[PDB]
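1. Enclosed are the sequence and the experimentally obtained structure.
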Amino acid sequence: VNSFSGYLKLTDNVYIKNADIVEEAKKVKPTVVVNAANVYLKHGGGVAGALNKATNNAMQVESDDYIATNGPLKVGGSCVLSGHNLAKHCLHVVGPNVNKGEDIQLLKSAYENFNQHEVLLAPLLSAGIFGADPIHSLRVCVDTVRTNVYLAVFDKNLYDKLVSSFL
Ligand SMILES: O=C1[C@H](Nc2ncnc3[nH]c4cc(F)ccc4c23)CCN1CCF
């Protein structure tokens, strides 16, 4: 039993809700919140900009030190950093950004990072400003993640479409 509330159950391990991931993280304080990161951990907009803003820019400060030490992530890769006031940990995961021409096949590799964590609160990878089809992202999530994932979808219209079209 966990503290996630109001989710629709899609499969044995995947759950979905129309929610602001920032507000959901602040309420649940999950062990792991997933960020929709880029390879430079520049949290300017989308989910990343919102999460970082909620940390009062502490996420960005920590991320800049991470990059200065380690260099950029790979597309499809991830790193574990602090969750600040939102979660114990933040798993920064880089899905391909279609608006940069990145290979959508890397979306499966991106979701594989979730399997290193027993339970996660997450957005749909490569959705929103990353330019991928969210219906496809949900399909890849369900077919790749085996651990327990609680998906927050900000847009109510998109949420209803994701549920109604789910196979
Ligand atoms: O709403 C969503 C889903 N992403 C989110 N899910 C949960 N919380 C979120 N907070 C955000 C804050 C932002 F500035 C930008 C995006 C999100 C977001 C996936 C695609 N989509 C439609 C429009 F992008």
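-> Nice, thanks for sending it over. Residues are numbered from 1 along each chain as shown.
2. Could you use CA atoms for every contact and neighbour count after this?
-> OK.
3. How about stretch 148-156 and the ligand, touching?
-> Yes. Stretch 148-156 is in contact with the ligand by CA under 6 Å from any ligand atom, via 152-155.
4. ok, of those, which come out buried?
-> Among the residues of stretch 148-156 next to the ligand, those buried by neighbour count (16 or more other CA atoms under 10 Å) are 152-154.
5. and which of the residues of stretch 148-156 next to the ligand is nearest residue 126?
-> Ranked by distance to residue 126 (CA to CA), these are led by residue 153 at 12.5 Å.
6. what is the closest one paired to in the beta sheet?
-> Here residue 153 sits in beta bridges with residue 18, as judged by DSSP bridges.
7. So it sits against residue 16, correct?
-> Yes. Between residue 153 and residue 16 there is a contact at 7.4 Å, judged by CA atoms under 8 Å.
8. Angles on the backbone of the residue lying closest to residue 22 once chain neighbours are set aside, please.
-> Leaving aside its sequence neighbours, residue 22 sits nearest to residue 51 (CA to CA, 6 or more residues apart in numbering; 5.9 Å). Here the main-chain torsion angles of residue 51 (degrees, to the nearest 10) amount to phi -60, psi -50.
9. Over to residue 86?
-> Per-residue torsions, residue 86: phi -110, psi -30 (degrees, to the nearest 10).
10. Quick check: residues of this protein near the ligand?
-> Selection of the chain residues close to the ligand by CA under 6 Å from any ligand atom yields 19-21, 45-47, 50, 123-124, 127-128, 152-155.
11. mind redoing it with 5 Å?
-> Within the chain, the residues that sit near the ligand (CA under 5 Å from any ligand atom) are 20-21, 46-47, 123, 127-128, 152-155.
12. measure the closest residue to residue 4 other than its chain neighbours to residue 100 for me?
-> In space, and not counting its chain neighbours, residue 4 is closest to residue 28: 6.7 Å by CA to CA, 6+ apart. According to CA to CA, to the nearest Å, residue 28 and residue 100 sit 33 Å apart.
13. Can you pick out the residue with more neighbours from the two?
-> Legend: neighbour count by other CA atoms under 10 Å for residue 28 and residue 100, higher for residue 28 (15 against 9).
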